[PDB]
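S.K.: I would like to see how this sequence folds:
(4 chains, ligands or ions: 7)
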Amino acid sequence: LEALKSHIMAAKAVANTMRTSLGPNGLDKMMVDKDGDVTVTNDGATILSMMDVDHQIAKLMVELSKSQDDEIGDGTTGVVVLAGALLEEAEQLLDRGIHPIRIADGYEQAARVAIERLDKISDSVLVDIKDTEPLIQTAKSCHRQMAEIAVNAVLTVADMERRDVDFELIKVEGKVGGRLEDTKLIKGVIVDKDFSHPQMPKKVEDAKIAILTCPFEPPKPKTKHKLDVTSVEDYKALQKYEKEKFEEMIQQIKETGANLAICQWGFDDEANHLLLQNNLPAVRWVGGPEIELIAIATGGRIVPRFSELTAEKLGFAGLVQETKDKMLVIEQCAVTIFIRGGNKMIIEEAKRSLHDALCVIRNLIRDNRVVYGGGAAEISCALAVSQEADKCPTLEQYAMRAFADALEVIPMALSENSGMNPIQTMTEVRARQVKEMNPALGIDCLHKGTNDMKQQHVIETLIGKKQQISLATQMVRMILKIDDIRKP
Amino acid sequence: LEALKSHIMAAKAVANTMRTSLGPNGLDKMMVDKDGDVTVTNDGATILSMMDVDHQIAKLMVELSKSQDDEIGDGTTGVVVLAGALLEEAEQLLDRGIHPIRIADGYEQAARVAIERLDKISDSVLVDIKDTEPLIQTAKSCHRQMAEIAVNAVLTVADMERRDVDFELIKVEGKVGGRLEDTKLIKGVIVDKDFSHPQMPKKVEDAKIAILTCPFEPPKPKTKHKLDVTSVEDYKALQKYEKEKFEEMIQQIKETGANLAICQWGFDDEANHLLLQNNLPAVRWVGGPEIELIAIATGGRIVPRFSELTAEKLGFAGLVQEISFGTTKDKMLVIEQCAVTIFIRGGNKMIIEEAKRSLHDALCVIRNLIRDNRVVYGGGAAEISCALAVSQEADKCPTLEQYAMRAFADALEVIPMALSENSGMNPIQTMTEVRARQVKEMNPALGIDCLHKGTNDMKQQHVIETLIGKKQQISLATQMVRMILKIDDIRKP
Amino acid sequence: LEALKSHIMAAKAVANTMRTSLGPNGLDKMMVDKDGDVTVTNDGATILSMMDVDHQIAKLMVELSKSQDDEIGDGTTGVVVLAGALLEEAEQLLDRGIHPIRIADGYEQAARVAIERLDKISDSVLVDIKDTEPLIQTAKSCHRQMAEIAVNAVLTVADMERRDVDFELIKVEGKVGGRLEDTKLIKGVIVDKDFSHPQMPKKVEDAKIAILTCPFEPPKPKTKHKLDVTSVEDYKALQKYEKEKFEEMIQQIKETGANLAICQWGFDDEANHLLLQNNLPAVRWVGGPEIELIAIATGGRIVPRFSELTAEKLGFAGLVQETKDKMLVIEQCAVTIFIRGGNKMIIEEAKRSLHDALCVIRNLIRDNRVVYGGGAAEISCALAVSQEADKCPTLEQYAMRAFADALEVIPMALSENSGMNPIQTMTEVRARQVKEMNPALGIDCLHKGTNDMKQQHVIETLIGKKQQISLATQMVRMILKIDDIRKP
Amino acid sequence: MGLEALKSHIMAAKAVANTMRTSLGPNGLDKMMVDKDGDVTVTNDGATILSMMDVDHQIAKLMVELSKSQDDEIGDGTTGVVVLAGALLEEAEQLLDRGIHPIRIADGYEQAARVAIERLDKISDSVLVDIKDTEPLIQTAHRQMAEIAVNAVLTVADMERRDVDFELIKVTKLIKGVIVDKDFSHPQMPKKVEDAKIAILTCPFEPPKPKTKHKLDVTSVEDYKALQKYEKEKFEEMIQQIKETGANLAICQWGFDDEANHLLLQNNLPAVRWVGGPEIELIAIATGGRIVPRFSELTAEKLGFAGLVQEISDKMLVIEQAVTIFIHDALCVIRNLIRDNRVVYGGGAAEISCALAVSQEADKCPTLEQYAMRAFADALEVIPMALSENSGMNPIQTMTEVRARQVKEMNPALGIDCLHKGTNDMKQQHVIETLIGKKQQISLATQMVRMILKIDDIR
Ligand SMILES: Nc1ncnc2c1ncn2[C@@H]1O[C@H](COP(=O)(O)OP(=O)(O)O)[C@@H](O)[C@H]1O
Ligand SMILES: Nc1ncnc2c1ncn2[C@@H]1O[C@H](COP(=O)(O)OP(=O)(O)O)[C@@H](O)[C@H]1O
Ligand SMILES: Nc1ncnc2c1ncn2[C@@H]1O[C@H](COP(=O)(O)OP(=O)(O)O)[C@@H](O)[C@H]1O
Ligand SMILES: Nc1ncnc2c1ncn2[C@@H]1O[C@H](COP(=O)(O)OP(=O)(O)O)[C@@H](O)[C@H]1O
Ligand SMILES: [Mg+2]
Ligand SMILES: [Mg+2]
Ligand SMILES: [Mg+2]
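M.R.: Numbers count the residues shown, from 1 in each chain, chains lettered A, B, ... in the order given. Ligands and ions are numbered 1, 2, ... in the order given. Okay, here it is:
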């Protein structure tokens, strides 16, 4: 049986590692690590992205933590903290003599209760005309225009009518240099890597693009091959040969519309020369990522060849201009935002913040409902779970109450990270929720305010919490049922 | 003799490992493998499929567990648990002074008794109209459409008139991403991979398929060559040659009907080039399986050549498509000459692999029912009544087989006991009370809830294990115990 | 002197290993072993076939155990058990002060006595019209038709007139799948490996076969060789060359009669193509074993060439047909039986049983005499040996009595394997043989019957026992004389 | 430890049971058994074995005195008690592993014991009393032994009724009372002490040394001879004290020696010396006589009324206020027959019929006690098996065939020959275990197993 307690202990370790980074006052960690740079961040989603590999059960949790929440929802730290708490209680319930399967079934019952109780606390947010602008400022002073950019980005490209699914279709590329919120919103894709030769004309109008992934030397189907190159004459004949078929690539592209092209893999030495004369010149190269962006945005049917391009495909951009990066306007349609800043730390922080923003909006587009955070929704869920537990017989009663006390960890953790007395403030808030009948208040947490939390606008959406609880109960289910730990 | 006790101890060790995974409340076993991912499942069939292969007796239990039950029936974990119990009892019989061959004889006779008793407990199930669907709910809250697609799958592909033996020509593919209720109704066979090339036609309709196991390169003498190209003109002569002989095979396929082709082995550098320019979207590349699927489904008469074919061979498919799931892509085709294949999108990566085994249980169950339509009620009930009959026959038998029969009777009762402990109930208390409620109520159905919700009657909850599942379970268990009870010295050079 | 006791001990070890697998209730062992499959069987003949190599003297026994009995007779387990017993007695006789050479000479005397006494117990079995059918059912419910198949197989192909020697000429090939005794008897050879291409016509009538072992590329007598393949023209000229000489193999075969051929070694890629057009197509390949079967059955003079075939040889089969194996009928003459079953364990068990059958019949054809088994013949032999020992003086007296007590191990072992008290039942049977004067009864052994053993039809033939005793005394002779154990 | 200490006690006790499992029945093994500087003692009958051996585990010592203080002091058969206890524990192990609580197993063993005990009433066979029959009934334990034992226990018995007595017997001739060795010391004394008042004194005979700084100093004749004379007079004090309360002979431990024994002759006080507990408490329980810790301070009262005391070449006393044999086994058996005159046939037969009863009654039982009773049946069946293997027969074979012949022939008698010569009927050979022997055996074994089952932790 102690195999279960080994799993429960190793998982509680991960939880205690992560519960210090919960909330706005969370901590950062270090991570590095492949002789490379460092990353200091809250938001456990990127914390789990590294996390040295040790115990098998811990990695079961690391896989399932990203599995749904980080990939679809937002809140990741909460999943692992809640899971660890549920395990902390399942320990003292296992000691009391209850069988694990009974613990898991009880946690299922309680989970369904809390989820069914998040709908009663829910609040609605409408779409299609701003109003989500003030809903984003919560996701992070500098928020007012960032919200504008976010909504304007997601609403322009979204299924929305109807289906209620986004695309993305959207990444972000920041330039070190500028000042904070001088960031700009665009309508089309933007890439780095310039024209490959300085003498090219900037500004290519109504451009017909040529997306190709091929090398530039004509190959031969593989035979024993070798060569002879006997007389110097044949040497010059060979040079002349591929020098001819370098043009066979140039005007062949120009027959289907030229302007500028786009190449992957290699771009030869004198190729840029022969391409400069014909006003074709492309770019090299940045593969798949940033290639498929231009593929979906304009045209484009990426061509793996090598002389087989016929249009048909490609097109149709209207502007391509600039000190090292080239950016393009007027597309066939596709948005990829742009960010200013300085010191390299003013950017990449706003990228994390933005990520939070886009995620929130997408979730609202799918289902537009919100519950109020700061542990308030957790507390009320615990009230309902405990209430249903008082009316339930047999052993699942105790497992349900354990679920309640486990949910009450989020207010406690939020309190610890801000320096408040955990159980004291947590208890006071639970009391103030029973009376007042206000499932909105709890954990300031910013040390400034009236604690109402309906103010301060702290929203955790709705699918975010239902996915957090569902994933947590799913994990704890596995960990409770895992034994033997085979492995070769 | 102690070699036998070593075998009995190791075998009971395997059994004790998997007696916690018995029933719906069974446990998981982490089970990582090689340099790859992990797999956590109940249903010992996969457990035995990997496990830790060490002792030759454990190897024997894997050998025979997959030999018959996993390949034909369904229940595997029960076989190893029952064999373990029979061994645990036969050990004390060894100590009692009984010869092993006599214990195996008694176990054989008792096994025949129980087997013959399952027929008396049997019940009938109708066929051909919506009657098996509600009885698939035992194999697994997504059941409502799972059972539906199950019966549809096995009834669409079956001998059925009559002979009542059919399997395979049906596979399952999970593409990972969605929720379990996103599972869809199915039509024809569906495979992965791609036609290659992005400029390919992504939807080829009314396709005549050409299935080939051949390389696409023009062959060479394979004598000892030193091919040395002299003049640059001969460089171009080489390129021209293979550029032409790659095409000599293209319109060779197009003269017998083209659309799209199908290739094993290599699809060369240019090749796909020359096939795009000639508008022949072939595909590459897949081994025996998934080749013979499209072979039997449409057409197809797999061609071992290589420029030699007349069609004839090509099949008649109505639609072939390429759909992109997330980033990666799989090409799936509909409207075949007929052959159906199921599809699952579960999400979370672990929500699938559950639906695959749970569905497999469905195909197996329905297949067994078509072969012989009879059911005994599960939850250990059939085991309890079988133990009752075995003890009854044992009280009236003299000499040494008497003791072996009683040991068999007590060994059957481990299934209700394991089912009891895995659900949190007192193992011997509930099992005993049920064994009394089966003689007093004369109802060979009730016993071990086991879901901790219900009337314990087991007539409701409709838990069915068919018949050949149980008959093969007991036959395989007694076969294992028979072999293990013999065998000494374990040479192992 | 203790070198002798080391040999005697190491040999007694092998004996004790084997005496549990004696009789119908014998045990199985495991064997495996080269990262391969397992084999669980009675009949020590296949047990000695593996048996890890340890002591030199043990391997002297393993070589001599197969030397004659398994290769010609049947009973192998009895040889090693009897040898071990003779050694067990030779130990206590060596301690008594008798020289080994005297022990061996006494064992010779006693062996000659017992052998000379097996003729008095002998019984005759006639040949040429069934009657051997009920003689086979003893060799293993399912026996009635198997006996039919066995006699019908051996009598059709045997010298028999006269010479009294078989051939074999006969193997067995079973197909997993079927039901038990649905096995069939044929008149001709049968092989696997199909026609090598599906488009061939099944059923090749009055076929003229072409048995060849050669590769298909024309070689050159070895010189420094190399090549040049300069111009593409010469490349195509080379391809054309061997493409021509591939036909030079085809119609060359068709000139001497074609139908189907048979090839060993490799069969090239496009060779099956060029052979499909000309209605020649052969098979690849399964070497010597199953090749020489068709050689002796039809024709065939296996040709190692490579263009030198002229007929003369080859011929003359009448049918070749079928889901993976091809079988042929109507030959020039040659029998190889066929077996149904299921689970892979229903077959290969009947193969072992069959092996026993064929061996018995062959032995009867050589010399048609039988003694009754179950240890009865052993007991009576012990009675005669002890009787001659009471009238013999000097030291060989004790060695002879030791031979008697050593023969009496077979009834004891047979008793142990069935669970009876060894010395009690053995003694009772010896008594019941002295009175009643019936050298037929002893050791049930099936726990069901009247113990008469003239019933139950338990026959061990005659050469089987005389060879068992001769081989046993031969072994014990060596082991008794071996000393020094040189070795590099 | 908490629980595994239970399995440890099972192992430790069944170790003892397996030690003495070979010494059961007539073909038992003798066990060398020396003792320190002592000699060899080779016998069956574990009764004397349990006295020896060693204190290994406190449960192994708990096996003793439960198998001794009762069955050796009440019944006769000791080895069966420990063998049975070991078997019961062995099956209780399988019941423990099955998930059954220990106290439930102990209770089940109690109820099963009730079934078996109450049977023995049904298997029983009565024997007549008051003459003969008992004599030919003793040849089991060569002719006169029956007679002398019969009349010896006949002379000392309650008989009307309650039927109990022991211990007035110990150790070929007949006997008139209890007898002692040694002499009255100094044969000039009278050998005819008839109508003797015995003065039982376990004490020294010395001048009462005062308590003060002592160190005597003496100079030859004057003081020395006065010292000898002094303690001789002080000896006459005790002499004249014993004659004032009572008369004639006395009995003394410790020292006499010196002249001393001379003086008592001149005063006609033929005492005896010297012996410890035995032969002191023997004549104490026989005649009179209590015990005096003094040393001249007593009232009588105490003295015994022995009628005759004589000396023959060992002095013996007759007619006591008690008869003892002169040259074990049947003497206890007869006592049991005096208590209850019924017998059941032995050789494991009573165990087999009891097992058939406990199992027949166990088939109809709810809850867990079912398995406990069945285990009890399989426990009683170890006596026929052990009996079988000790003679060389196949254990389970002979045992099973007999258990079948008992229900088919309806004969709670036949089973285990065992001497390899007989008709197996057990009616002949006249092998009888009485009733109190078996009933006490089962009660004691079950008491043991229950005790061990309750115990846990225990240091
Ligand atoms: N202004 C705020 N006041 C109180 N709590 C907050 C506030 N903003 C965020 N939180 C809390 O922080 C918790 C976790 O968010 P975060 O630390 O970003 O990690 P994750 O989003 O991965 O859980 C949420 O449960 C939320 O209640
Ligand atoms: N709803 C149920 N109630 C009671 N027992 C069940 C139920 N479903 C399955 N079982 C039991 O589970 C046992 C084994 O099934 P499982 O644990 O899936 O492995 P396997 O099928 O390989 O033996 C069966 O003997 C059956 O009696
Ligand atoms: N039906 C039978 N009853 C009694 N003994 C038998 C019977 N069949 C075979 N045997 C005995 O089995 C012995 C050995 O046969 P087997 O175990 O096959 O090994 P091997 O033939 O190599 O000695 C023979 O000596 C024979 O007496
Ligand atoms: N003649 C006999 N035949 C069969 N069994 C006997 C015979 N005499 C004694 N026994 C058995 O021996 C058993 C034990 O006696 P024993 O070994 O002397 O030691 P104890 O009497 O102390 O147990 C008794 O249970 C009795 O049944
Ligand atoms: Mg957050
Ligand atoms: Mg299952
Ligand atoms: Mg044989």
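
S.K.: residue contacts, the nearest residue to residue A:302 once chain neighbours are set aside?
M.R.: Using C-beta to C-beta, 6 or more residues apart in numbering or on different chains and skipping the chain neighbours, the partner closest in space to residue A:302 is residue A:211 (4.7 Å). In this view, the C-beta of every residue, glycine as well, is placed from N, C-alpha and C. By C-beta atoms under 8 Å, 6 or more residues apart in numbering or on different chains, the contact list for residue A:211 reads A:261-262, A:291, A:294-295, A:299-303, A:314.

S.K.: what about 7 Å?
M.R.: A:262, A:291, A:294-295, A:299-300, A:302-303, A:314 (C-beta atoms under 7 Å, 6 or more residues apart in numbering or on different chains).

S.K.: in strands, which of those residues appear?
M.R.: residue A:262 (DSSP state E).

S.K.: export the contacts of residue A:211 to a markdown table and append columns for neighbour count.
M.R.: As requested, these are arranged in a markdown table below (neighbours: other C-beta atoms under 10 Å in any protein chain shown):
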| residue | neighbour count |
| --- | --- |
| A:262 | 23 |
| A:291 | 18 |
| A:294 | 21 |
| A:295 | 19 |
| A:299 | 21 |
| A:300 | 23 |
| A:302 | 19 |
| A:303 | 22 |
| A:314 | 26 |
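
S.K.: so residue A:338: helix, strand or coil?
M.R.: strand (DSSP: H, G, I helix; E, B strand; the rest coil).

S.K.: go ahead and confirm it touches residue A:183.
M.R.: Yes - between residue A:338 and residue A:183 there is a contact under C-beta atoms under 7 Å: 6.1 Å.

S.K.: and those two? Which one has more around it.
M.R.: More neighbours surround residue A:183 than the other of residue A:338 and residue A:183, with 22 against 17 (other C-beta atoms under 10 Å in any protein chain shown).

S.K.: tell me the contacts of that one?
M.R.: Residue A:183 neighbours (C-beta under 7 Å, 6+ apart): A:338-340.

S.K.: against residue A:442, how distant is residue A:415?
M.R.: Counting by C-beta to C-beta, to the nearest Å, the separation of residue A:415 from residue A:442 is 10 Å.

S.K.: more neighbours, those two?
M.R.: residue A:442 (31 against 23).

S.K.: a helix runs through the more buried one, doesn't it?
M.R.: No - counting by three-state DSSP, residue A:442 is not part of a helix but coil.

S.K.: where does it fall, phi/psi-wise?
M.R.: Backbone torsions of residue A:442, given as degrees, to the nearest 10, read phi 150, psi 130.

S.K.: who's the residue nearest to residue A:348 when sequence neighbours are not counted bridged to?
M.R.: Spatially, and ignoring its direct neighbours in sequence, residue A:348 is nearest to residue A:174 (6.8 Å; C-beta to C-beta, 6+ apart). For residue A:174, the beta-bridge partners are residue A:339 (DSSP bridges).

S.K.: neighbours of residue A:174, how many?
M.R.: Around residue A:174 there are 19 residues (other C-beta under 10 Å).

S.K.: cool, residue A:73 as well?
M.R.: With other C-beta under 10 Å as criterion, residue A:73 counts 24.

S.K.: before we move on, which element is it in?
M.R.: Following DSSP states H and E, one finds residue A:73 outside all helices and strands.

S.K.: do the same with the one 10 residues further on
M.R.: Taking DSSP H and E as the definition, residue A:83 sits inside helix A:77-95.

S.K.: by contact count, what packs against that helix?
M.R.: helix A:2-18, helix A:56-65, helix A:100-121, helix A:396-407, helix A:409-418, helix A:463-481 (3 or more C-beta pairs under 7 Å, 6 or more residues apart in numbering or on different chains; DSSP states H and E).

S.K.: now for residue A:482: which residues touch it?
M.R.: Neighbour list for residue A:482: A:7, A:57, B:28, B:30, B:40 [criterion: C-beta under 7 Å, 6+ apart].

S.K.: and the second one, how many residues sit next to it?
M.R.: Looking back up the chat, that one is residue A:57. 23.

S.K.: enumerate every residue touching it.
M.R.: Neighbouring residues of residue A:57 by C-beta under 7 Å, 6+ apart: A:7, A:10-11, A:479, A:482.

S.K.: does the helix holding residue A:83 come close to ligand 1?
M.R.: Yes - against ligand 1, helix A:77-95 shows contacts by C-beta under 6 Å from any ligand atom at A:77-78.

S.K.: nearest residue to the closest residue to ligand 3 within the stretch 251-400 of chain A in space, please, no chain neighbours.
M.R.: Of all residues in the stretch 251-400 of chain A, residue A:395 sits closest to ligand 3, at 59.1 Å by C-beta to the nearest ligand atom. Closest residue to residue A:395 apart from its sequence neighbours, by C-beta to C-beta, 6+ apart: residue A:102 at 4.7 Å.

S.K.: return the residues in contact with that neighbour.
M.R.: Going by C-beta under 7 Å, 6+ apart, residue A:102 touches A:395-396, A:399, B:424.

S.K.: could you do residue A:263 as well?
M.R.: Residue A:263 neighbours (C-beta under 7 Å, 6+ apart): A:212, A:282-285.

S.K.: 6 Å instead, please
M.R.: A:212, A:282, A:284-285 (C-beta atoms under 6 Å, 6 or more residues apart in numbering or on different chains).
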